[PDB]
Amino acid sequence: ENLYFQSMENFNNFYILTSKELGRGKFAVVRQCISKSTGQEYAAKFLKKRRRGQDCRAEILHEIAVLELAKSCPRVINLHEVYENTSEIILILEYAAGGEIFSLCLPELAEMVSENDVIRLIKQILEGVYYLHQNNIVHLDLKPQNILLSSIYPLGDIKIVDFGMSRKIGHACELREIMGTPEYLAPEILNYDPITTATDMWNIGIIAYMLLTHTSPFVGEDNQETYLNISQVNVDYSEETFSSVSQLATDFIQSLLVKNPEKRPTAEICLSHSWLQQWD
């Protein structure tokens, strides 16, 4: 097997790896690396080319194409360089120093994020999702772990990552889809309906929900109850959980967490919701 991207020797000569491990999947690892010429921090995502006996190089090439297509979009992480060795393709990505937006969804940071902050972050996410949709790209993995922040103090800007699930609209629901963290799946996935831009809008409702209440809207005692809640769209909107959340935000969330994907507004409409029309 011949290599397509720059040799590993070039990587070791231009970049420095640190002990800082930013993320570890089963066939991917994200390490912090630093340029030797500029000392600028980057994120090096190592992707194994073989997964479960299957040669997945073509799948990696797809994720690179999508990163390239959205380079002009500030809300999508930028791809700086690509390297390759025997078993890995290495993506050098713009470093997001703020980390996952999932941190803001936990009760221990609820006291530093206000409604005004959530409005800005949701507006930025919608901007990036609007771009992807305009290019017939559906992320299909818009969970808080795949949406990062440029900085945390002060709260920075949105950077969407992880395009391994990206597809053209209308693709067929494959096993890879209906096998993610159950609580972030859309009802149409469990039904095996085809892929639609509306699937990403469902996840945007979860993001907004978790940022404002700091709880998951669909997780249950076990996976079975999680699936039941998703298909039944059983979401807690009680006064206890929403005593401090505005009605406009409640309306925004409820318009996106609807079973029928047809009834969900598009990314362009969401940007016109009264809740986001805040004269910052």
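Between two forms, the rigid core is defined as the largest C-alpha subset superposing within 1.5 Å. Residue numbers here begin at 1 and follow the sequence given.
Engineer: After superposing on the rigid core, which of 111 to 119 and 71 to 79 has its C-alpha atoms sitting farther from this form in 8 other deposited structures of this protein?
Structural biologist: Farther on average in 8 other deposited structures of this protein: 111 to 119.
Engineer: Coordinates for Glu177 lacking in at least a third of the other PDB entries compared?
Structural biologist: Yes.
Engineer: For the higher mean C-alpha B factor in the entry, choose 173 to 181 or 140 to 148.
Structural biologist: Averaging CA B-factors over each stretch, the winner is 173 to 181.
Engineer: Could you check which stretch, 187 to 195 or 129 to 137, carries the larger mean CA temperature factor in the entry?
Structural biologist: If you average the C-alpha B-factors of 187 to 195 and of 129 to 137, the larger mean comes out for 187 to 195.
Engineer: Whose CA atom has the top B-factor in the entry, of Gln32, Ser37, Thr250, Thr213?
Structural biologist: The record points to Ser37.
Engineer: Is the Cα B-factor recorded for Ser244 in the lowest, middle or highest third of its chain?
Structural biologist: Its C-alpha B-factor belongs to the middle third of this chain's values.
Engineer: In terms of the chain's CA B-factor thirds, is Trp279 lowest, middle or highest?
Structural biologist: Top third by C-alpha B-factor.
Engineer: What third of its chain, lowest, middle or highest, does the C-alpha temperature factor of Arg167 fall into?
Structural biologist: Highest third - that is where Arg167 ends up once the chain's C-alpha B-factors are sorted.
Engineer: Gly156's Cα B-factor: lowest, middle or highest third of the chain?
Structural biologist: Tercile = middle for this residue's CA B-factor.
Engineer: Among all modelled residues of this chain, ranked by Cα B factor, put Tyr42 in the bottom, middle or top third, i.e. lowest, middle or highest.
Structural biologist: Lowest third - that is where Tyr42 ends up once the chain's C-alpha B-factors are sorted.
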